[PDB]
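Notes to accompany the following structure.
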Amino acid sequence: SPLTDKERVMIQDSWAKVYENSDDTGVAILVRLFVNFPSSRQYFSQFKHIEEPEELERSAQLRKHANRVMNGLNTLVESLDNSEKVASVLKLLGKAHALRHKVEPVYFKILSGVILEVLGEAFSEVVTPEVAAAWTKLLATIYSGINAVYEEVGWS
Ligand code: HEM
């Protein structure tokens, strides 16, 4: 809940390295999500029934979404010091996924999980225990605001 100025800097600085290899990382994340937590695949018409990473990484639909996810995060990171703006971003997100896509909010949580897991595996020389703790705080914030919108919207 309390995010510090140093942590904020930890995040901006690590993210700059992650964004440099943005695309592969996006999909590495989504492939772990969809493989490890398969029911999460249910919302995606073109690969809901695909189990294999090599199959999944070739899905045009997977990849576009993986791209959208990362741009999302990037926006959230560019915007860390402006809290009204993170609020609207999470609002927009949460609405769409609630109303248009009908995604169970649990998957946002599980995704936050996977992002750490993959960040601090693909980019371990940067994601130190300390940096990981900051990303934790951030992603709990993301997930918390998403849930808040989901309730505003009528999901209980
Ligand atoms: C930080 C997390 C995420 C971000 C930034 C994100 C962003 C987006 C964006 C920008 C779109 C397209 C624009 C829109 O329709 O609103 C989209 C579509 C979608 N998202 Fe996400 N999303 C995220 C997480 C999730 C998660 C966890 C799921 C879980 C299954 C999911 C499922 C979908 C689906 C089903 C669509 C429709 C895409 C399609 O037509 O194939 N998203 N997302």
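All residue names refer to the structure tokens as shown: chains lettered A, B, ... in order, residues numbered from 1 in each chain, ligands numbered from 1 in order.
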7 Å from ligand 1 is the threshold here; counting only C-alpha atoms and all ligand atoms, which polymer residues fall inside it? Answer as a PDB file with C-alpha atoms, in the first residue's frame.
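To be explicit, this is the file written out as out10.pdb:
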ATOM      1  CA  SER A  40      -7.541 -18.586 -18.284  1.00  0.00           C
ATOM      2  CA  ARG A  41      -7.530 -19.633 -21.960  1.00  0.00           C
ATOM      3  CA  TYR A  43     -11.834 -16.121 -23.074  1.00  0.00           C
ATOM      4  CA  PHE A  44      -9.708 -16.311 -26.238  1.00  0.00           C
ATOM      5  CA  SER A  45     -11.616 -17.802 -29.158  1.00  0.00           C
ATOM      6  CA  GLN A  61      -4.371 -13.394 -31.024  1.00  0.00           C
ATOM      7  CA  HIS A  65      -2.819  -9.348 -26.488  1.00  0.00           C
ATOM      8  CA  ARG A  68      -1.422  -4.896 -25.305  1.00  0.00           C
ATOM      9  CA  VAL A  69      -0.525  -6.144 -21.861  1.00  0.00           C
ATOM     10  CA  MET A  70       2.958  -4.699 -22.073  1.00  0.00           C
ATOM     11  CA  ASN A  71       1.835  -1.386 -23.411  1.00  0.00           C
ATOM     12  CA  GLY A  72      -0.606  -1.335 -20.535  1.00  0.00           C
ATOM     13  CA  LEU A  73       2.169  -1.899 -17.995  1.00  0.00           C
ATOM     14  CA  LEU A  93      -9.130  -1.677 -18.151  1.00  0.00           C
ATOM     15  CA  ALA A  96     -13.566  -3.427 -20.614  1.00  0.00           C
ATOM     16  CA  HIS A  97     -12.518  -6.736 -19.106  1.00  0.00           C
ATOM     17  CA  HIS A 101     -14.690  -9.566 -22.180  1.00  0.00           C
ATOM     18  CA  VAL A 103     -12.968 -11.997 -17.497  1.00  0.00           C
ATOM     19  CA  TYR A 107      -7.034 -13.938 -13.477  1.00  0.00           C
ATOM     20  CA  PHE A 108      -5.740 -10.417 -13.035  1.00  0.00           C
ATOM     21  CA  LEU A 111      -1.306 -12.678 -13.967  1.00  0.00           C
TER      22      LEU A 111
END
message: For residue A:26, find every residue with an atom within 8 Å (counting only C-alpha atoms), except residues of its own chain fewer than 3 positions away, and show them as a list in words.
response: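 Counting only the stated atoms, we get residues 22, 23, 29, 30, 63, 66, 67, 69 and 70 of chain A.
Residue nearest residue A:106 within the list A:154, A:39, A:7, A:74: A:39 [criterion: smallest interatomic distance, only C-alpha atoms].
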- Mind giving me the straight-line distance from atom CA of residue A:133 to atom CA of residue A:149 in Å, one decimal?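 A separation of 24.7 Å between them.
By only C-alpha atoms, and with residues fewer than 6 positions from residue A:14 along its chain excluded, the set lying at most 12 Å from it is residues 7, 8, 20, 21, 74, 77, 119, 120, 123, 124, 125, 126, 127, 128, 130, 131, 132, 134 and 135 of chain A.
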Include N, CA, C and O atoms and write out the residues we just selected as a PDB file, in the first residue's frame.
ATOM      1  N   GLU A   7      11.624   3.046  -4.540  1.00  0.00           N
ATOM      2  CA  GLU A   7      10.938   1.918  -5.192  1.00  0.00           C
ATOM      3  C   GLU A   7      10.403   2.289  -6.574  1.00  0.00           C
ATOM      4  O   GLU A   7      10.622   1.596  -7.553  1.00  0.00           O
ATOM      5  N   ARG A   8       9.669   3.381  -6.634  1.00  0.00           N
ATOM      6  CA  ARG A   8       9.282   3.978  -7.895  1.00  0.00           C
ATOM      7  C   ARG A   8      10.449   4.052  -8.881  1.00  0.00           C
ATOM      8  O   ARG A   8      10.287   3.795 -10.070  1.00  0.00           O
ATOM      9  N   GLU A  20      12.872  -2.975 -23.467  1.00  0.00           N
ATOM     10  CA  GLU A  20      13.805  -3.139 -24.596  1.00  0.00           C
ATOM     11  C   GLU A  20      13.612  -4.480 -25.321  1.00  0.00           C
ATOM     12  O   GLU A  20      13.568  -4.505 -26.541  1.00  0.00           O
ATOM     13  N   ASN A  21      13.473  -5.583 -24.590  1.00  0.00           N
ATOM     14  CA  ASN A  21      12.918  -6.797 -25.190  1.00  0.00           C
ATOM     15  C   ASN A  21      11.422  -7.010 -24.840  1.00  0.00           C
ATOM     16  O   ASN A  21      11.062  -7.906 -24.072  1.00  0.00           O
ATOM     17  N   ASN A  74       3.451  -0.441 -19.448  1.00  0.00           N
ATOM     18  CA  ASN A  74       4.317   0.681 -19.760  1.00  0.00           C
ATOM     19  C   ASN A  74       3.662   1.982 -19.418  1.00  0.00           C
ATOM     20  O   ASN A  74       4.300   2.892 -18.908  1.00  0.00           O
ATOM     21  N   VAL A  77       3.644   2.469 -15.828  1.00  0.00           N
ATOM     22  CA  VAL A  77       4.954   2.830 -15.293  1.00  0.00           C
ATOM     23  C   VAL A  77       5.355   4.268 -15.638  1.00  0.00           C
ATOM     24  O   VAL A  77       5.847   5.021 -14.781  1.00  0.00           O
ATOM     25  N   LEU A 119       9.558 -12.058 -15.012  1.00  0.00           N
ATOM     26  CA  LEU A 119      10.525 -10.986 -14.849  1.00  0.00           C
ATOM     27  C   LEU A 119      11.781 -11.418 -14.076  1.00  0.00           C
ATOM     28  O   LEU A 119      12.901 -11.174 -14.504  1.00  0.00           O
ATOM     29  N   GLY A 120      11.594 -12.008 -12.906  1.00  0.00           N
ATOM     30  CA  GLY A 120      12.719 -12.362 -12.057  1.00  0.00           C
ATOM     31  C   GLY A 120      13.280 -13.716 -12.423  1.00  0.00           C
ATOM     32  O   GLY A 120      13.823 -14.414 -11.574  1.00  0.00           O
ATOM     33  N   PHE A 123      14.987 -11.757 -16.361  1.00  0.00           N
ATOM     34  CA  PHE A 123      15.796 -10.556 -16.141  1.00  0.00           C
ATOM     35  C   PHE A 123      16.403 -10.526 -14.741  1.00  0.00           C
ATOM     36  O   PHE A 123      16.485  -9.470 -14.129  1.00  0.00           O
ATOM     37  N   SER A 124      16.861 -11.669 -14.249  1.00  0.00           N
ATOM     38  CA  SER A 124      17.301 -11.766 -12.857  1.00  0.00           C
ATOM     39  C   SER A 124      18.489 -10.856 -12.506  1.00  0.00           C
ATOM     40  O   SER A 124      18.621 -10.461 -11.354  1.00  0.00           O
ATOM     41  N   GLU A 125      19.324 -10.498 -13.446  1.00  0.00           N
ATOM     42  CA  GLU A 125      20.437  -9.649 -13.074  1.00  0.00           C
ATOM     43  C   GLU A 125      20.011  -8.215 -12.781  1.00  0.00           C
ATOM     44  O   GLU A 125      20.827  -7.344 -12.619  1.00  0.00           O
ATOM     45  N   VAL A 126      18.718  -7.984 -12.699  1.00  0.00           N
ATOM     46  CA  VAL A 126      18.152  -6.672 -12.518  1.00  0.00           C
ATOM     47  C   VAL A 126      17.088  -6.668 -11.458  1.00  0.00           C
ATOM     48  O   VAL A 126      16.929  -5.724 -10.741  1.00  0.00           O
ATOM     49  N   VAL A 127      16.346  -7.751 -11.387  1.00  0.00           N
ATOM     50  CA  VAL A 127      15.287  -7.908 -10.436  1.00  0.00           C
ATOM     51  C   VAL A 127      15.822  -8.538  -9.194  1.00  0.00           C
ATOM     52  O   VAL A 127      15.730  -9.717  -9.002  1.00  0.00           O
ATOM     53  N   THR A 128      16.392  -7.714  -8.352  1.00  0.00           N
ATOM     54  CA  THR A 128      16.975  -8.149  -7.105  1.00  0.00           C
ATOM     55  C   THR A 128      15.839  -8.329  -6.114  1.00  0.00           C
ATOM     56  O   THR A 128      14.737  -7.862  -6.367  1.00  0.00           O
ATOM     57  N   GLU A 130      15.110  -6.784  -3.669  1.00  0.00           N
ATOM     58  CA  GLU A 130      14.625  -5.461  -3.393  1.00  0.00           C
ATOM     59  C   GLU A 130      13.725  -4.960  -4.513  1.00  0.00           C
ATOM     60  O   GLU A 130      12.642  -4.436  -4.252  1.00  0.00           O
ATOM     61  N   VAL A 131      14.173  -5.100  -5.758  1.00  0.00           N
ATOM     62  CA  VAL A 131      13.373  -4.635  -6.895  1.00  0.00           C
ATOM     63  C   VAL A 131      12.079  -5.423  -6.985  1.00  0.00           C
ATOM     64  O   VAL A 131      11.030  -4.836  -7.162  1.00  0.00           O
ATOM     65  N   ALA A 132      12.147  -6.736  -6.778  1.00  0.00           N
ATOM     66  CA  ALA A 132      10.953  -7.588  -6.768  1.00  0.00           C
ATOM     67  C   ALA A 132       9.885  -7.156  -5.757  1.00  0.00           C
ATOM     68  O   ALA A 132       8.682  -7.245  -6.032  1.00  0.00           O
ATOM     69  N   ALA A 134       9.246  -4.190  -4.814  1.00  0.00           N
ATOM     70  CA  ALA A 134       8.603  -2.987  -5.307  1.00  0.00           C
ATOM     71  C   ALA A 134       7.544  -3.365  -6.334  1.00  0.00           C
ATOM     72  O   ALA A 134       6.381  -2.980  -6.220  1.00  0.00           O
ATOM     73  N   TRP A 135       7.952  -4.149  -7.322  1.00  0.00           N
ATOM     74  CA  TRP A 135       7.028  -4.697  -8.295  1.00  0.00           C
ATOM     75  C   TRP A 135       5.834  -5.405  -7.659  1.00  0.00           C
ATOM     76  O   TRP A 135       4.690  -5.143  -8.041  1.00  0.00           O
TER      77      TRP A 135
END
